[PDB]
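Take a look at this single chain in structure tokens; it is the form deposited in one PDB entry.
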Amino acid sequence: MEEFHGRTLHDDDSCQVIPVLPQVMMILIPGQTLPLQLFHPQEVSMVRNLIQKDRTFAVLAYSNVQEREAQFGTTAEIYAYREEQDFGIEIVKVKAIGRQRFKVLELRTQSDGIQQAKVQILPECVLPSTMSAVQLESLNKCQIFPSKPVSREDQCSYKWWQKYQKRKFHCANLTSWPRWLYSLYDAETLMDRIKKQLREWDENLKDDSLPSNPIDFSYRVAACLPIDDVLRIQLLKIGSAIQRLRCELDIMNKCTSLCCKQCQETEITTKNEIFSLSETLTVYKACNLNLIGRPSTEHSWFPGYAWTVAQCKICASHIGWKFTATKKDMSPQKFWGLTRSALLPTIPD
């Protein structure tokens, strides 16, 4: 593939006009690669011309697919592109990366076939520390932190984050609001909230699986989490990292219903039913699941809990195990330890 080393950074609040490929119809958040292959000769010629000129494309995500009208979009830059003539058809494969968000002021259809639109590149505004305005001259030296201790041995990390919130937001006593409020508007605290809450749905190591820049982290988590398209557009509307993270928290806390991973429809449990009696998530109740095998209590991880295999009703694939009590006077009687990897989650509708 023909590699490209240049980087495009248009001026903020500066109008730009560029054609939009009709093939792209989904919402592409900045930082998320969206490879696409075009076989139309006109599309191939337009892609070649764009690569020669500035290697820039516009992906206008229409709010309604049938209406084909887009009030928002994203600008993408081609990183590596390959032009292979397979079966006599001009096919170009390019792996592009998003550059910046754009607002489509007006959409027009060019004679050649592409759609020409003039879009002003919206800016990514970064706010300073919320405590910088009222920060004390004596206490600036205490802002620098004693490294960032982190380990699975620390587990909860309760004390370190309590010290962080207590001393970083020390100056909040001079303002009418308390420190626990500003912690909801702090980039690091929110980033920790996503990172800890994500690990409840997967075993990826948060140290390197996600970036450290708040903007990059926000874009990555917005792309990764399962969500519909309208709420993707709503997130794309937000132009502030802190506001975007808060919106992501608001969306995330509403995913109260889990479901079979490669099954979509079959719900397995509710977040309110999670009974953390004693890894794998523990659920007091379950639904749409069938027991498998026999209660072979041999080498049971939970003493007194005879474990039996369980599977999705719609797939028969294993989703967890049913920890049945090994004694009559044993509580809980039955705890369902569903596997963490096997769950979507999804909205409660």
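When you see a residue number, it is the position in the sequence shown, counting from 1.
One more form of this protein, deposited in another entry, exists but is not displayed; see below.
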> Of the options 255, 72, 211, 223, which one coincides with the hinge of the rigid rotation between the shown form and the other one?
Replying inline: 255
> Compared with this form, is the residue 264-residue 191 Cα separation smaller or larger in that other deposited form, the difference being 3 Å or more?
Replying inline: farther
>> Thinking of the 3 angstroms or more shift, are the C-alphas of residue 343 and residue 232 brought closer or pushed farther apart in that other deposited form than in this view?
In response: closer
